[PDB]
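Visitor: Whatever this is, show me its structure:
(one chain, ligands or ions: 3)
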Amino acid sequence: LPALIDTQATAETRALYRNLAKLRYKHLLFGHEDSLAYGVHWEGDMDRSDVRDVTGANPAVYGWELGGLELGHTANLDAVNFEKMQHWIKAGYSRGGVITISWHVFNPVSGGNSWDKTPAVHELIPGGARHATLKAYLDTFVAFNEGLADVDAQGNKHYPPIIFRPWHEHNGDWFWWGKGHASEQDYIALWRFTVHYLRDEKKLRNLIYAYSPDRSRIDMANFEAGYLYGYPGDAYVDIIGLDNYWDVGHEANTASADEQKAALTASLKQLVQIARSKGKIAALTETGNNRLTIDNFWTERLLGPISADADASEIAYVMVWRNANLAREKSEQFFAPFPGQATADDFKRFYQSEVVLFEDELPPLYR
Ligand SMILES: OC[C@H]1O[C@H](OC[C@H]2O[C@@H](O[C@H]3[C@H](O)[C@H](O)[C@H](O[C@H]4[C@H](O)[C@H](O)[C@H](O)O[C@@H]4CO)O[C@@H]3CO)[C@@H](O)[C@@H](O)[C@@H]2O[C@@H]2O[C@H](CO)[C@@H](O)[C@H](O)[C@@H]2O)[C@H](O)[C@@H](O)[C@H]1O
Ligand code: NA
Ligand code: NA
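Guide: Numbers count the residues shown, from 1 in each chain. Ligands and ions are numbered 1, 2, ... in the order given. Please see the structure below:
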């Protein structure tokens, strides 16, 4: 029933969206960022995941990250090799998994990373002095996407569908495309150009576009207004996403656990209401508890509050962030368990839930 903004989307892309729309009522796909690239205690294996090591199954949704691609780097900002990334995307897709991609774009003005707040959006949008840079940046993704293609016996080209989730958390002030660094109207212009360029100029047909404000900068008394800050229009968005680490035990959140659980449910309920009104699909596009310090996190803090309300439950998927490699990165950062981690058994319970789907029990999404 929801329809993609790309009226010419590939058969597989159309199928994915249709099937997510169907499965969302009774199920929730689980996702993990950089799941095949490395884990907390390993890197190098070409077919491994912390998630699989714990549960026996890969995540249903695989998140990947392009930051650095635009600069012609061999590897992304977390040292994930782009050729390997292409291999891993193809591998996950071949098994029936879902692919989603974010993009922590480097600051073109300074050469700094996404967290360098030097203003850039005004310069990047149509009419801006650096508009050529925006085109060049997007071109690198066009090229990357080509590296995901196969060609069948009949000479037809096929791609993995990708849930493309750019310019995220734009209601926060931490990225250079965020509030305080870009006007609302300029942000909208940036988004709209991104869609026009990829969908219309470059004729990519394998994208589903995901919009993802951060819950931590939305006033719960006025959720819709906060959510729709910088919203580019229904003609430019397929997935009504949300990044919400806040209500799942963020260290800076002084709300009680019970208040947080209620807020998680309320946030997702309202998200779903917005999606319903717009004929879209909702998803919890980023979440998690860094270092998994909360007892029974998965069942008590994530699944429980989602399942508590039938509106909240209508989200299609939930993705947790990456399991940074300790040896390489020098600190602990992870959002899925690994064997022996305190929440591993509770994660097994989460996996086991009839509601939650990992790769191993996905129906065929692409037909
Ligand atoms: O490196 C550990 C980090 O873990 C957390 O970031 C997780 C993940 O979240 C997404 O963006 C972040 C963003 O970086 C902001 O710092 C923001 O912090 C604000 C809080 O939300 C809240 O509002 C608070 O009141 O104020 C904070 C601002 O001071 O949080 C958002 C949402 O969590 C996500 O897309 C990533 O950017 C980020 O993880 C990084 O991902 C990149 C790219 O893969 C890696 O290079 C990094 O190493 C991280 O993995 C946490 O928010 C951070 O503070 C930090 O501890
Ligand atoms: Na659901
Ligand atoms: Na399950």
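
Visitor: Can you classify the residue of the stretch 201-350 of the chain found nearest ligand 3 by secondary structure?
Guide: Closest residue of the stretch 201-350 of the chain to ligand 3, CB to the ion: residue 350 (8.0 Å). (Each C-beta comes from the backbone N, C-alpha and C, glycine too.) For residue 350, the assignment made with DSSP: H, G, I helix; E, B strand; the rest coil gives helix.

Visitor: can you tell me which residues contact the closest residue to it other than its chain neighbours?
Guide: Distances taken as CB to CB, 6 or more residues apart in numbering put residue 298 closest to residue 350, at 3.7 Å, once the chain neighbours are dropped. Residue 298 is in contact with 343, 346-347, 349-350, counting by CB atoms under 8 Å, 6 or more residues apart in numbering.

Visitor: now these as JSON lines including distance to residue 289 and neighbour count?
Guide: Below are these laid out as JSON lines (distance: CB to CB, whole Å; neighbours: other CB atoms under 10 Å):
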{"residue": "343", "distance to residue 289": "8", "neighbour count": "24"}
{"residue": "346", "distance to residue 289": "11", "neighbour count": "22"}
{"residue": "347", "distance to residue 289": "11", "neighbour count": "25"}
{"residue": "349", "distance to residue 289": "15", "neighbour count": "16"}
{"residue": "350", "distance to residue 289": "12", "neighbour count": "23"}
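
Visitor: Including distance to residue 237, could these go into JSON lines?
Guide: Converted to JSON lines, those look like this (distance: CB to CB, whole Å):
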{"residue": "343", "distance to residue 237": "33"}
{"residue": "346", "distance to residue 237": "34"}
{"residue": "347", "distance to residue 237": "31"}
{"residue": "349", "distance to residue 237": "34"}
{"residue": "350", "distance to residue 237": "29"}
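
Visitor: Closest to ligand 1 out of these?
Guide: Relative to ligand 1, the closest of these is residue 343; by CB to the nearest ligand atom it sits at 17.1 Å.

Visitor: what residues are up against that closest one?
Guide: 292, 294-298, 337.

Visitor: Pull up the gap between the residue most central in space within the chain and residue 323, please.
Guide: The residue lying closest to the centre of the chain (CA atoms, centre = their mean) is residue 285, at 4.6 Å. As defined by CB to CB, to the nearest Å, residue 285 lies at a distance of 18 Å from residue 323.

Visitor: number of nearby residues for residue 49?
Guide: Look at residue 49: counted by other CB atoms under 10 Å, it has 27 neighbours.

Visitor: Same question for residue 233.
Guide: Residue 233: 12 neighbours (other CB under 10 Å).

Visitor: Quick check, it in contact with residue 192.
Guide: Yes: assessed by CB atoms under 8 Å, residue 233 is found in contact with residue 192 at 7.4 Å.

Visitor: biggest helix in this structure by residues?
Guide: Longest helix in the chain by number of residues, with DSSP state H as the criterion: helix 257-278.

Visitor: Is ligand 1 within reach of that one?
Guide: No: between helix 257-278 and ligand 1, judged by CB under 6 Å from any ligand atom, nothing touches; the nearest distance is 13.4 Å.

Visitor: quick one, what contacts the residue of the chain found nearest ligand 1?
Guide: In the chain, the residue that lies nearest ligand 1 is residue 216 (3.4 Å; CB to the nearest ligand atom). Residues in contact with residue 216 (CB under 8 Å, 6+ apart) are 172, 244-246, 250.

Visitor: contacts for the next helix or strand after the longest helix of the chain?
Guide: Next helix or strand after helix 257-278 toward the C-terminus (DSSP states H and E): strand 281-287. Contacts to strand 281-287, defined as CB under 8 Å, 6+ apart, come from residues 2, 17, 20-21, 24, 100, 165, 168, 210, 212, 238-245, 248, 268, 271-272, 274-275, 302, 306, 314-321.

Visitor: Give me the PyMOL select line for those residues, limited to the buried ones.
Guide: A single PyMOL command selects the buried members of these (16 or more other CB atoms under 10 Å):
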select buried, resi 2+17+20+21+24+100+165+168+210+212+238+239+240+241+242+243+244+245+248+268+271+272+274+275+302+306+314+315+316+317+318+319+320+321
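
Visitor: Walking through the stretch 1-150 of the chain, point out its strands one by one.
Guide: Remark: strands assigned in the stretch 1-150 of the chain by DSSP state E, counting those that start in this stretch are 28-33, 38-39, 42-43, 61-65, 98-102, 150-151.

Visitor: What lies in contact with the fifth one?
Guide: Under the contact criterion CB under 8 Å, 6+ apart, strand 98-102 has outside partners 16, 29, 31, 60-66, 89, 92-93, 160-166, 168, 210, 285, 317, 319, 365.

Visitor: Run through the contacts of strand 281-287 and flag the ones next to ligand 2.
Guide: For ligand 2, the contacts drawn from the contacts of strand 281-287 by CB under 5 Å from the ion are residue 24.

Visitor: I'd like to know which of the contacts of strand 281-287 are part of helices.
Guide: 17, 20-21, 268, 271-272, 274-275, 306.

Visitor: Can you tell me which of the residues you listed lies closest to residue 132?
Guide: Closest approach between these and residue 132, by CB to CB: residue 17, at 32.7 Å.

Visitor: ok, how many other residues are close to the residue nearest to the closest one when sequence neighbours are not counted?
Guide: Nearest residue to residue 17, sequence neighbours excluded (CB to CB, 6+ apart): residue 4, at 5.3 Å. By other CB under 10 Å, 20 other residues sit near residue 4.
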